[PDB]
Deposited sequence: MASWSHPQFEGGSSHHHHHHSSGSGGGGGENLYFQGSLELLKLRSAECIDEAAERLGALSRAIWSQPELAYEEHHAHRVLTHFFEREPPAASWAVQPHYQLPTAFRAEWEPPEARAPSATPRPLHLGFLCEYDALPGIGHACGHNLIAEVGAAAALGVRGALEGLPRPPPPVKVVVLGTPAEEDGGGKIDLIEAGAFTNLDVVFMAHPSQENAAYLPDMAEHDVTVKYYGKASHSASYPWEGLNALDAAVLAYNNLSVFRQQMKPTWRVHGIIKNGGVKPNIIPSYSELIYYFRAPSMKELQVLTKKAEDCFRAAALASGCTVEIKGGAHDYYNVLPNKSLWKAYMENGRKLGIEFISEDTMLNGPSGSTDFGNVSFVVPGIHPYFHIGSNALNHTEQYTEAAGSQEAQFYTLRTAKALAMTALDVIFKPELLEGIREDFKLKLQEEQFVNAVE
């Protein structure tokens, strides 16, 4: 309540500290939105975000590590400069910023960078505005490039960037406010067929591509209704007067779990290899470098986030049904809420790029950032919540194993 230094007063300070930084946070959003960059090519966004945390007053109070493990990734850390002779809490906030080809930031990833920077700013301000000994906490900001292709979070996982985080937060703009939305696991694959080019002495690799297409097509009747299979024939011949000795298909499969994705992938391999057997061609089946994991929910973290958004005016009920945050949620307890930004346009469409950079979207972005910061304060000052977050994380991890 009104009591001296209550948790309610700290959550207020975090909201006021975000409102005070509304101007430069909006400039951060515009800087990324105006210069859209693709996966692993976000050099300007990396410059903009690293400079942002460097200039945060007092300068160098955020320990910033540019080019952290990836050329466009970065890492910024803050803790209250104090000690007393007992493990500190590590709270992580992620910033995405890569855009889509041709249409710009049609996923509103400029707002994801803004909302992750704002939440970390609000947490520090709430702890800064605390007298007495502040509890041991380290605020960690991680710039994770290449969400839309590659999986920069996975590259960071392989570098050990998430091994010492206790909780991780981010948020993603969408069409409705939901503390959790089902993002599925994904496996990418490239299929190449090789034949030999008098057509009686011919192995038709284009036949193999079409037969593979037919094999998967009739299989759709027996897929679990939650499964997804989409693919194209990238290469289906060059000239009609020569038997195509080469064909190439590119597919990706999605299932709500790693176990179900393995069954779907084996079923697809059977379809690809059957096309080789029927056509006489040889086949190479090459999976992508990284499989995307489904996002594990965290019940305790979820319920605490919803209670904070309710006080803020958020009414609760994604874009791509898979994200590399799923790999993160498998190693660190996290939440990935989606938030409405004042538009009816769909993600990955041109009209969403308009909404992502609009002035109307800034209110919804900064409001959701406030909810993330207050939820982070909840974990800091409620040990029973932190244990409940860990129990929910351990239980969910056993089922998915």
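In this chain the deposited sequence has gaps in the coordinates at 1-31, 117-120, 233-237, 358-364, 449-454, listed in sequence order.
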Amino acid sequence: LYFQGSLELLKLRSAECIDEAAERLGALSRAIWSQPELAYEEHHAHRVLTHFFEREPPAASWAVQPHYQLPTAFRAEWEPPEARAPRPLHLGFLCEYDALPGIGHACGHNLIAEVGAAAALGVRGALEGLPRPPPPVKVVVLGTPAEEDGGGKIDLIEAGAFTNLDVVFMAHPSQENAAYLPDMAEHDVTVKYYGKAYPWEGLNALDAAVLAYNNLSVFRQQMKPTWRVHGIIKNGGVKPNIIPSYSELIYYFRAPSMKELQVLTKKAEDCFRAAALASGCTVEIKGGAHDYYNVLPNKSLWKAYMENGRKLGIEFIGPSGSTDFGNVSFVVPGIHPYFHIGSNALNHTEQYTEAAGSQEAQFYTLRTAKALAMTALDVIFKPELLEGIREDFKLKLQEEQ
From here on, numbers count along this sequence of modelled residues.
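The stretch with the higher mean CA B factor, choosing between 171-179 and 228-236, is 171-179.
Per the PDB record, of the two stretches 302-310 and 216-224, 302-310 carries the greater mean B-factor over its C-alpha atoms. Out of 198, 78, 251, 162, it is 198 whose C-alpha atom has the highest B-factor in the PDB entry. Highest CA B-factor among 346, 372, 32, 356, as stated in the entry: 346. Residue 389: CA B factor in the highest third of modelled residues in this chain (values from the PDB entry).
In this PDB entry, the Cα temperature factor of residue 295 sits in the middle third of its chain's modelled residues.
Remark: residue 244 belongs to the middle third of its chain, ranked by C-alpha B-factor as recorded.
Sort the chain's modelled residues by C-alpha temperature factor and residue 322 lands in the highest third, per the entry. In this PDB entry, the Cα temperature factor of residue 118 sits in the bottom third of its chain's modelled residues, the lowest group.
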